[PDB]
């Protein structure tokens, strides 16, 4: 009972959730964990604090308003390193006299500066990569090559420019984020271990490649235990949400009244914004189906005028936020029109829901390439090269490819092989269970 992990996610939903899920696994294995949330995120959730995972607050330098009150991404990341370094140190110091002092920092790989704090205090230090091995390996090759990528990549020759992370195909876009994803590797060799939110059997070749450069430990998927291995019965869902849902049994009750495989689920995660023009092509394409579409509140204005009040309440539903795990497990879902965020992707793969891939930016084009041509679990929507927009007829065609065709019948069979592979990996003797055991042993 000696070890104590302080877990520091990048402060977005897609990073907080896999960190929190990993903490529930460590707790089941007997390791105490404290999750570090920024003050702004803490004061927006109002989390429940009678749980097996404690919460500490740190500062990114923007406690009042959060990221949206920062001038720029570069200012934000630099203030986060300043304020985060000082406030992580503060948490460590505050726990020193305690029964269980902090012994280990599991920090988001996006934040390599946390390793320096961990090393100043003599702690175990491990970066946690929330993106899959293939993406991280590609970023690692570019970091080694001063930020450039010569296609083709000898070890992954099937990758084309349009399959790379958007930083490589959209020149100069988001330079602060591009620098951040490359600098994940500035010191990762010096960590005790390198953790990855994936499972070995999903990316055998890429995991093998990346491990030659640095031993990594796959400890995923971070899907709650009740849906896969079921060894942790208290792990029944995602219980740290930055977005409010209208308590929606209403959403799952509505899907219960629908025929099997008949509903098109559409969602673009927590962050990605589509333009007016892209929302128009989408709204038109999906209106040819029974659909369940999450449109985030801030995105509603970009819908075509009067769209929300001409959804026929019998076949279709538009939500502000969904219980996506429960949706993706419901039998009424025929396919998942997704932006290919890695959590939505792994959730789709493991629930056996075939995908329509509409990637937007950072690593999503990679996940989209793997969904279609490696895991063969869906089709990527075609976007016009000059305009960059996926037009309504191309979106409707891709959904039909996944719902009905001969392609369709194949991608169903292929996507259900992955649930069992993950269950095996999380069960005793599996790849992920052993790797988590190795990490727990080192921490205590």
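Positions refer to the first chain, counted from 1.
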### Task
Quick one: say whether 156-164 or 263-271 has the higher mean Cα B-factor in the deposited entry.
156-164
### Query
Mean CA B-factor: is it higher for 422-430 or for 21-29?
422-430
### Query
With respect to the C-alpha temperature factors reported in the PDB entry, which of 226, 374, 214, 77 ranks highest?
214
### Query
From 381, 49, 35, 70, pick the one with the largest CA B-factor in the entry?
49
## Note on the structure
The third of the chain into which the C-alpha temperature factor of residue 108 falls is the lowest
### Query
Lowest, middle or highest third: where is residue 85 by Cα B-factor in its chain?
lowest
### Task
Can you work out whether the C-alpha temperature factor of residue 115 puts it in the lowest, middle or highest third of the chain?
lowest
#### Entry: Relative C-alpha B-factor of residue 321, binned into the chain's lowest, middle or highest third
middle
### Task
Report the third (lowest, middle or highest) to which the CA temperature factor of residue 360 belongs, ranking only the modelled residues of the same chain.
lowest
